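To keep things clear, I will list the structure first and then write my remarks on it.
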Amino acid sequence: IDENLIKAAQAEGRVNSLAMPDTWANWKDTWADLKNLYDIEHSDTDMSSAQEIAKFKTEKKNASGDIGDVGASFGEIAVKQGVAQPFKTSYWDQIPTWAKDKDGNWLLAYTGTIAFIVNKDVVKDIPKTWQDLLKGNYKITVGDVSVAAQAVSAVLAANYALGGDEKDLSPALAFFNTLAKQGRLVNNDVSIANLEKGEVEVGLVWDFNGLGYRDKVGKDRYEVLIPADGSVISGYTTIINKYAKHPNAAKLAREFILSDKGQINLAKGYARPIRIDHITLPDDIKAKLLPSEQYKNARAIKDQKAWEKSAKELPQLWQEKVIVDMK
Ligand SMILES: NCCOP(=O)(O)OC[C@H](O)CO
């Protein structure tokens with residue numbers, strides 16, 4: 001890690017993040033490490049992907065945030081909105097071509113697979129597939145599709161299970177319209193608070209969040225599983241605000257996140273680090289992960305551009321085809 005970068009980051013003194021809370025994929029260990037290793041302070045303001053891009057845009061130079069983390073379908077939105085500045089990091093060549101742009105404005109640090117988190121007290125017949133969800137009477141916490149990458153991805157995951165792909169989300173929209181009409185949809189995100197209270201019945205979340213949240217709340221209260229009929233694998237990229245007040249500290253954070261230590265932190269949080277092939281993980285992680293068999297129909301996106309387009313159009317379709325029909 002370049003010494004002038006550490007020095008410039010320390011002169012700034014801190015890094016302000018958006019949507020990088022401690023409870024998400026063990027960002028906790030990473031912010032602790034920046035304080036403990038380079039004396040960089042930090043504070044975060046949680047939100048969803050779409051909101052992070054609008055905030056950097058709205059605030060300009062009087063930026064409340066320096067760095068954010070957004071879903072794979074939003075890297076290009078950040079770029080198109082002019083809120084991203086490039087920083088490839090010293091690990092650029094180990095990042096797969098499908099996981100980054102060409103200039104360094106966005107690059108996935110980790111990936112996950114859409115999963116179900118199920119309340120064992122309320123849901124007696126645990127759903128194992130997307131098809132199973134159509135027959136219960138319990139409430140499905142889908143995520144806020146208007147702004148969250150996790151929720152947008154959950155829709156694509158259902159779409160894959162219904163035999164579609166990232167070029168046309170119509171089958172999944174019909175599936176969610178069906179549930180909306182039954183009065184079984186909850187249009188908010190799963191959170192540790194709503195899991196603690198026992199309010200989530202079936203929730204749609206990344207496996208890493210399902211597992212992380214399960215530890216906080218109780219392993220015997222919630223089951224986490226990958227739907228057997230299909231799911232999506234996708235990931236997240238940091239975005240360094242073009243208008244960051246602390247650009248060097250943001251660059252330092254990104255560099256660290258991609259370093260062996262930041263990648264190990266992500267693994268301890270149950271996510272799959274993008275540089276998994278070049279790091280040695282601790283042996284204890286594997287046993288806390290889900291059975292491999294469950295991932296039998298989980299697939300990555302083949303056409304990034306088609307997904308970017310479908311995802312961008314999804315919020316309006318969600319309002320018009322799902323929200324408007326909620327019982
Ligand atoms: N964590 C980066 C933003 O992730 P995103 O999936 O866009 O939002 C999730 C929502 O904020 C509930 O946790």
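Within each chain, counting starts at residue 1; across the structure tokens, chains are named A, B, ... in the order shown, with ligands numbered 1 upward in that order.
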Identify, counting only C-alpha atoms and all ligand atoms, the protein, DNA and RNA residues located within 6 Å of ligand 1, and give them as a list in words.
residues 19, 20, 47, 48, 49, 69, 70, 71, 148, 149, 150 and 189 of chain A
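Within 9 Å of range 77-89 of chain A there are residues 50, 53, 54, 56, 57, 60, 73, 74, 92, 93, 103, 104, 105, 106, 107, 239, 240, 241, 242, 243, 251, 252, 254, 255, 256, 258, 259, 308 and 312 of chain A, counting only C-alpha atoms and ignoring same-chain residues fewer than 3 positions away.
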Pull the strand (DSSP E) assignments for range 99-286 of chain A out of DSSP run on the backbone, and list those residues as number ranges by chain.
A: 108-119, 140-141, 185-186, 202-206, 222-225, 231-241, 272-273
Give me every alpha helix (DSSP H) residue in range 71-309 of chain A, going by DSSP on the backbone, as a tab-separated table (two decimals) with N, CA, C and O atoms, in the first residue's frame.
```
chain	number	residue	atom	x	y	z
A	75	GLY	N	-23.26	-0.17	-11.09
A	75	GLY	CA	-21.93	0.40	-11.39
A	75	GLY	C	-22.03	1.36	-12.55
A	75	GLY	O	-21.57	2.50	-12.48
A	76	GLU	N	-22.71	0.93	-13.58
A	76	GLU	CA	-22.89	1.75	-14.76
A	76	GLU	C	-23.80	2.93	-14.53
A	76	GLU	O	-23.59	3.96	-15.14
A	77	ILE	N	-24.77	2.82	-13.65
A	77	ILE	CA	-25.62	3.95	-13.35
A	77	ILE	C	-24.78	5.05	-12.69
A	77	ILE	O	-24.91	6.25	-13.03
A	78	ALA	N	-23.91	4.66	-11.77
A	78	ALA	CA	-23.04	5.62	-11.10
A	78	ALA	C	-22.21	6.39	-12.11
A	78	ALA	O	-22.11	7.62	-12.02
A	79	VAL	N	-21.62	5.66	-13.05
A	79	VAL	CA	-20.80	6.21	-14.10
A	79	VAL	C	-21.62	7.18	-14.97
A	79	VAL	O	-21.17	8.27	-15.24
A	80	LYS	N	-22.80	6.76	-15.42
A	80	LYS	CA	-23.70	7.57	-16.29
A	80	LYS	C	-24.16	8.88	-15.55
A	80	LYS	O	-24.32	9.93	-16.17
A	130	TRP	N	-38.98	-21.61	-5.15
A	130	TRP	CA	-39.82	-20.48	-5.46
A	130	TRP	C	-41.27	-20.97	-5.62
A	130	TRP	O	-42.18	-20.34	-5.10
A	131	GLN	N	-41.49	-22.11	-6.29
A	131	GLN	CA	-42.87	-22.64	-6.47
A	131	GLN	C	-43.57	-22.86	-5.13
A	131	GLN	O	-44.76	-22.55	-4.99
A	132	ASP	N	-42.85	-23.36	-4.13
A	132	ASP	CA	-43.44	-23.54	-2.81
A	132	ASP	C	-44.05	-22.26	-2.23
A	132	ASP	O	-45.06	-22.34	-1.56
A	133	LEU	N	-43.47	-21.09	-2.52
A	133	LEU	CA	-43.95	-19.82	-2.00
A	133	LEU	C	-45.35	-19.47	-2.44
A	133	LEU	O	-46.03	-18.71	-1.75
A	149	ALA	N	-30.42	-3.30	-4.49
A	149	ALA	CA	-29.86	-4.33	-5.37
A	149	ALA	C	-30.21	-5.73	-4.91
A	149	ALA	O	-30.32	-6.65	-5.72
A	150	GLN	N	-30.37	-5.91	-3.62
A	150	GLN	CA	-30.67	-7.22	-3.06
A	150	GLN	C	-32.07	-7.66	-3.52
A	150	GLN	O	-32.28	-8.82	-3.93
A	151	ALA	N	-32.99	-6.71	-3.49
A	151	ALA	CA	-34.38	-6.92	-3.88
A	151	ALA	C	-34.49	-7.11	-5.37
A	151	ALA	O	-35.19	-8.00	-5.79
A	152	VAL	N	-33.82	-6.26	-6.15
A	152	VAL	CA	-33.83	-6.41	-7.62
A	152	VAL	C	-33.29	-7.78	-8.04
A	152	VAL	O	-33.81	-8.43	-8.96
A	153	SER	N	-32.23	-8.23	-7.35
A	153	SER	CA	-31.64	-9.50	-7.60
A	153	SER	C	-32.58	-10.65	-7.23
A	153	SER	O	-32.59	-11.69	-7.92
A	154	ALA	N	-33.32	-10.48	-6.13
A	154	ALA	CA	-34.30	-11.50	-5.71
A	154	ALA	C	-35.36	-11.71	-6.80
A	154	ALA	O	-35.74	-12.85	-7.09
A	155	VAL	N	-35.77	-10.64	-7.46
A	155	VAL	CA	-36.71	-10.74	-8.55
A	155	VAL	C	-36.08	-11.56	-9.71
A	155	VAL	O	-36.71	-12.47	-10.25
A	156	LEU	N	-34.84	-11.28	-10.06
A	156	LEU	CA	-34.17	-12.03	-11.12
A	156	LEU	C	-34.05	-13.50	-10.71
A	156	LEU	O	-34.17	-14.36	-11.58
A	157	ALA	N	-33.73	-13.77	-9.42
A	157	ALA	CA	-33.64	-15.13	-8.90
A	157	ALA	C	-34.95	-15.89	-9.13
A	157	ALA	O	-34.90	-17.05	-9.56
A	158	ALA	N	-36.09	-15.29	-8.81
A	158	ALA	CA	-37.37	-15.91	-9.08
A	158	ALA	C	-37.53	-16.13	-10.58
A	158	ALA	O	-37.98	-17.20	-11.03
A	159	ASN	N	-37.08	-15.14	-11.37
A	159	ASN	CA	-37.20	-15.20	-12.83
A	159	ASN	C	-36.44	-16.41	-13.40
A	159	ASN	O	-36.96	-17.16	-14.23
A	160	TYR	N	-35.21	-16.60	-12.92
A	160	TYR	CA	-34.44	-17.78	-13.30
A	160	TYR	C	-35.19	-19.07	-12.98
A	160	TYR	O	-35.26	-19.99	-13.82
A	161	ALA	N	-35.77	-19.16	-11.79
A	161	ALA	CA	-36.50	-20.37	-11.38
A	161	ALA	C	-37.76	-20.65	-12.22
A	161	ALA	O	-38.17	-21.81	-12.40
A	170	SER	N	-40.66	-10.28	-17.07
A	170	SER	CA	-42.11	-10.48	-17.06
A	170	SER	C	-42.60	-11.71	-16.27
A	170	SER	O	-43.56	-11.60	-15.50
A	171	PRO	N	-41.93	-12.87	-16.41
A	171	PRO	CA	-42.43	-14.02	-15.63
A	171	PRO	C	-42.37	-13.79	-14.12
A	171	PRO	O	-43.33	-14.12	-13.42
A	172	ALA	N	-41.28	-13.21	-13.63
A	172	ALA	CA	-41.16	-12.94	-12.19
A	172	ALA	C	-42.16	-11.85	-11.74
A	172	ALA	O	-42.73	-11.93	-10.66
A	173	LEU	N	-42.36	-10.84	-12.58
A	173	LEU	CA	-43.34	-9.82	-12.25
A	173	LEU	C	-44.71	-10.47	-12.10
A	173	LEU	O	-45.41	-10.13	-11.18
A	174	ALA	N	-45.06	-11.42	-12.96
A	174	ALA	CA	-46.35	-12.10	-12.84
A	174	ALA	C	-46.45	-12.90	-11.57
A	174	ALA	O	-47.50	-12.95	-10.95
A	175	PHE	N	-45.37	-13.56	-11.20
A	175	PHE	CA	-45.24	-14.33	-9.96
A	175	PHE	C	-45.48	-13.42	-8.74
A	175	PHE	O	-46.26	-13.75	-7.86
A	176	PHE	N	-44.82	-12.27	-8.70
A	176	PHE	CA	-45.02	-11.33	-7.57
A	176	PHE	C	-46.40	-10.66	-7.57
A	176	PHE	O	-46.95	-10.37	-6.53
A	177	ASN	N	-46.98	-10.46	-8.76
A	177	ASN	CA	-48.30	-9.90	-8.88
A	177	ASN	C	-49.29	-10.90	-8.24
A	177	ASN	O	-50.23	-10.48	-7.58
A	178	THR	N	-49.06	-12.19	-8.48
A	178	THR	CA	-49.89	-13.26	-7.89
A	178	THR	C	-49.86	-13.20	-6.37
A	178	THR	O	-50.89	-13.22	-5.73
A	179	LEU	N	-48.68	-13.04	-5.81
A	179	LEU	CA	-48.53	-12.98	-4.35
A	179	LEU	C	-49.14	-11.69	-3.80
A	179	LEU	O	-49.75	-11.70	-2.73
A	180	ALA	N	-48.98	-10.58	-4.52
A	180	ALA	CA	-49.55	-9.31	-4.10
A	180	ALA	C	-51.08	-9.44	-3.98
A	180	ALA	O	-51.67	-8.95	-3.03
A	181	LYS	N	-51.70	-10.11	-4.95
A	181	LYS	CA	-53.15	-10.30	-4.95
A	181	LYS	C	-53.63	-11.18	-3.80
A	181	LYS	O	-54.78	-11.03	-3.36
A	182	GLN	N	-52.81	-12.15	-3.40
A	182	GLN	CA	-53.11	-12.98	-2.21
A	182	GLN	C	-52.95	-12.19	-0.90
A	182	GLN	O	-53.27	-12.71	0.16
A	192	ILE	N	-32.15	-6.97	10.90
A	192	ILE	CA	-31.98	-7.66	12.18
A	192	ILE	C	-33.14	-7.27	13.14
A	192	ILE	O	-33.67	-8.11	13.88
A	193	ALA	N	-33.57	-6.01	13.12
A	193	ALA	CA	-34.64	-5.57	14.04
A	193	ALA	C	-35.97	-6.33	13.81
A	193	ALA	O	-36.58	-6.79	14.75
A	194	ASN	N	-36.39	-6.43	12.54
A	194	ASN	CA	-37.65	-7.15	12.16
A	194	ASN	C	-37.51	-8.70	12.26
A	194	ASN	O	-38.52	-9.42	12.25
A	195	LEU	N	-36.27	-9.20	12.32
A	195	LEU	CA	-36.00	-10.62	12.53
A	195	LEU	C	-36.09	-10.86	14.03
A	195	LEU	O	-36.68	-11.84	14.45
A	196	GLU	N	-35.49	-9.97	14.83
A	196	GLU	CA	-35.56	-10.07	16.30
A	196	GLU	C	-37.00	-10.16	16.80
A	196	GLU	O	-37.34	-11.03	17.61
A	207	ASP	N	-27.40	-14.90	0.73
A	207	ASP	CA	-26.99	-15.91	1.72
A	207	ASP	C	-26.09	-15.34	2.80
A	207	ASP	O	-26.23	-15.67	3.95
A	208	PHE	N	-25.17	-14.47	2.44
A	208	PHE	CA	-24.28	-13.92	3.45
A	208	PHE	C	-25.04	-13.12	4.53
A	208	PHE	O	-24.70	-13.23	5.70
A	209	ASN	N	-26.07	-12.39	4.13
A	209	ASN	CA	-26.93	-11.65	5.07
A	209	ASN	C	-27.82	-12.62	5.84
A	209	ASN	O	-28.01	-12.44	7.04
A	210	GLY	N	-28.36	-13.64	5.18
A	210	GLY	CA	-29.17	-14.62	5.90
A	210	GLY	C	-28.37	-15.26	7.07
A	210	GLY	O	-28.83	-15.35	8.21
A	211	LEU	N	-27.14	-15.65	6.76
A	211	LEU	CA	-26.27	-16.29	7.74
A	211	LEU	C	-25.78	-15.32	8.81
A	211	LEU	O	-25.76	-15.66	9.99
A	212	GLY	N	-25.40	-14.10	8.42
A	212	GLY	CA	-24.94	-13.10	9.36
A	212	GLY	C	-26.07	-12.70	10.30
A	212	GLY	O	-25.89	-12.63	11.52
A	213	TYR	N	-27.25	-12.46	9.72
A	213	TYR	CA	-28.39	-12.07	10.52
A	213	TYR	C	-28.80	-13.22	11.45
A	213	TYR	O	-29.13	-12.95	12.61
A	214	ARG	N	-28.72	-14.47	10.98
A	214	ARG	CA	-29.09	-15.67	11.75
A	214	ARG	C	-28.23	-15.79	13.02
A	214	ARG	O	-28.72	-16.23	14.09
A	215	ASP	N	-26.95	-15.44	12.92
A	215	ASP	CA	-26.06	-15.48	14.09
A	215	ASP	C	-26.48	-14.46	15.13
A	215	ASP	O	-26.54	-14.77	16.28
A	216	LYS	N	-26.80	-13.25	14.69
A	216	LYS	CA	-27.20	-12.18	15.60
A	216	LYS	C	-28.48	-12.48	16.35
A	216	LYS	O	-28.54	-12.27	17.56
A	217	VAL	N	-29.47	-13.00	15.63
A	217	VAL	CA	-30.81	-13.26	16.16
A	217	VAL	C	-31.06	-14.64	16.77
A	217	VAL	O	-31.79	-14.76	17.76
A	247	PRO	N	-11.08	11.84	-0.70
A	247	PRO	CA	-10.82	10.91	-1.81
A	247	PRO	C	-9.71	9.93	-1.56
A	247	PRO	O	-9.87	8.76	-1.90
A	248	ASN	N	-8.65	10.38	-0.91
A	248	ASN	CA	-7.52	9.51	-0.57
A	248	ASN	C	-7.93	8.45	0.46
A	248	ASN	O	-7.53	7.30	0.32
A	249	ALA	N	-8.70	8.82	1.48
A	249	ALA	CA	-9.13	7.84	2.50
A	249	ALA	C	-10.09	6.80	1.84
A	249	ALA	O	-10.05	5.62	2.14
A	250	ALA	N	-10.91	7.27	0.90
A	250	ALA	CA	-11.81	6.39	0.16
A	250	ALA	C	-10.99	5.42	-0.71
A	250	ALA	O	-11.32	4.24	-0.76
A	251	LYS	N	-9.99	5.93	-1.41
A	251	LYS	CA	-9.10	5.08	-2.23
A	251	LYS	C	-8.40	4.05	-1.32
A	251	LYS	O	-8.36	2.85	-1.62
A	252	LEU	N	-7.86	4.52	-0.19
A	252	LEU	CA	-7.23	3.64	0.79
A	252	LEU	C	-8.22	2.55	1.21
A	252	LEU	O	-7.87	1.37	1.19
A	253	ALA	N	-9.47	2.92	1.48
A	253	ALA	CA	-10.45	1.91	1.93
A	253	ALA	C	-10.68	0.86	0.87
A	253	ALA	O	-10.72	-0.34	1.17
A	254	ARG	N	-10.85	1.30	-0.36
A	254	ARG	CA	-11.05	0.36	-1.47
A	254	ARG	C	-9.88	-0.60	-1.66
A	254	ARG	O	-10.07	-1.79	-1.90
A	255	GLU	N	-8.67	-0.06	-1.60
A	255	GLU	CA	-7.43	-0.82	-1.72
A	255	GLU	C	-7.38	-1.89	-0.65
A	255	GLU	O	-7.02	-3.06	-0.93
A	256	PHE	N	-7.79	-1.51	0.57
A	256	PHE	CA	-7.77	-2.43	1.71
A	256	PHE	C	-8.79	-3.55	1.57
A	256	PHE	O	-8.55	-4.70	1.89
A	257	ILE	N	-9.98	-3.16	1.11
A	257	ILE	CA	-11.05	-4.08	0.90
A	257	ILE	C	-10.66	-5.18	-0.06
A	257	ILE	O	-11.06	-6.34	0.14
A	258	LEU	N	-9.87	-4.84	-1.07
A	258	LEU	CA	-9.39	-5.80	-2.06
A	258	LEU	C	-8.14	-6.53	-1.67
A	258	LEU	O	-7.85	-7.53	-2.27
A	260	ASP	N	-5.67	-8.90	0.77
A	260	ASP	CA	-5.95	-10.19	1.42
A	260	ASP	C	-6.77	-10.01	2.69
A	260	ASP	O	-7.75	-10.72	2.89
A	261	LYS	N	-6.41	-9.04	3.53
A	261	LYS	CA	-7.13	-8.84	4.79
A	261	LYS	C	-8.59	-8.41	4.58
A	261	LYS	O	-9.49	-8.91	5.23
A	262	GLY	N	-8.84	-7.47	3.69
A	262	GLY	CA	-10.24	-7.09	3.45
A	262	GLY	C	-11.08	-8.23	2.88
A	262	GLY	O	-12.26	-8.36	3.19
A	263	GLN	N	-10.45	-9.04	2.03
A	263	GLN	CA	-11.09	-10.20	1.40
A	263	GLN	C	-11.41	-11.28	2.46
A	263	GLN	O	-12.49	-11.92	2.41
A	264	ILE	N	-10.48	-11.47	3.41
A	264	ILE	CA	-10.68	-12.40	4.52
A	264	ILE	C	-11.82	-11.89	5.36
A	264	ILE	O	-12.68	-12.66	5.68
A	265	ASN	N	-11.87	-10.58	5.66
A	265	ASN	CA	-12.98	-10.00	6.42
A	265	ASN	C	-14.30	-10.34	5.80
A	265	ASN	O	-15.23	-10.74	6.52
A	266	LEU	N	-14.41	-10.14	4.47
A	266	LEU	CA	-15.61	-10.47	3.72
A	266	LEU	C	-15.97	-11.96	3.88
A	266	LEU	O	-17.14	-12.30	4.08
A	267	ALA	N	-14.98	-12.83	3.82
A	267	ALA	CA	-15.24	-14.26	3.99
A	267	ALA	C	-15.80	-14.58	5.38
A	267	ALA	O	-16.71	-15.42	5.49
A	268	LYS	N	-15.28	-13.93	6.43
A	268	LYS	CA	-15.76	-14.13	7.82
A	268	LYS	C	-17.21	-13.68	7.93
A	268	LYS	O	-17.96	-14.13	8.78
A	285	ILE	N	-14.51	-21.36	8.38
A	285	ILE	CA	-15.63	-20.77	7.63
A	285	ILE	C	-16.51	-21.80	6.94
A	285	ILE	O	-17.74	-21.79	7.13
A	286	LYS	N	-15.87	-22.73	6.23
A	286	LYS	CA	-16.58	-23.73	5.42
A	286	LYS	C	-17.75	-24.47	6.11
A	286	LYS	O	-18.81	-24.66	5.50
A	287	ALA	N	-17.56	-24.83	7.38
A	287	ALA	CA	-18.58	-25.55	8.15
A	287	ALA	C	-19.80	-24.71	8.53
A	287	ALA	O	-20.85	-25.28	8.85
A	288	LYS	N	-19.67	-23.38	8.54
A	288	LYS	CA	-20.80	-22.49	8.85
A	288	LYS	C	-21.59	-22.11	7.58
A	288	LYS	O	-22.67	-21.53	7.68
A	304	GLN	N	-24.41	-8.83	-18.95
A	304	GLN	CA	-24.34	-7.68	-18.05
A	304	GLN	C	-25.21	-6.51	-18.57
A	304	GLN	O	-25.96	-5.93	-17.82
A	305	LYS	N	-25.08	-6.17	-19.85
A	305	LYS	CA	-25.85	-5.06	-20.44
A	305	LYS	C	-27.36	-5.29	-20.40
A	305	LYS	O	-28.10	-4.36	-20.09
A	306	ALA	N	-27.80	-6.52	-20.65
A	306	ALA	CA	-29.22	-6.84	-20.60
A	306	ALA	C	-29.70	-6.71	-19.19
A	306	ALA	O	-30.81	-6.22	-18.97
A	307	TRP	N	-28.91	-7.18	-18.22
A	307	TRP	CA	-29.32	-7.05	-16.82
A	307	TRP	C	-29.36	-5.58	-16.40
A	307	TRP	O	-30.27	-5.18	-15.67
A	308	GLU	N	-28.36	-4.79	-16.81
A	308	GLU	CA	-28.35	-3.36	-16.44
A	308	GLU	C	-29.66	-2.70	-16.89
A	308	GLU	O	-30.33	-2.03	-16.12
A	309	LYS	N	-30.08	-3.05	-18.10
A	309	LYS	CA	-31.28	-2.48	-18.71
A	309	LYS	C	-32.53	-2.97	-18.01
A	309	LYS	O	-33.40	-2.15	-17.67
```
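Closest approach to residue 188 in chain A from the set A:101, A:144, A:165, A:33 is made by A:144, with distances taken over only C-alpha atoms.
Here CA of residue 64 in chain A and CA of residue 31 in chain A stand 17.3 Å from one another.
Residue nearest residue 273 in chain A, chosen from A:16, A:10, A:237, A:140 and counting only C-alpha atoms: A:237.
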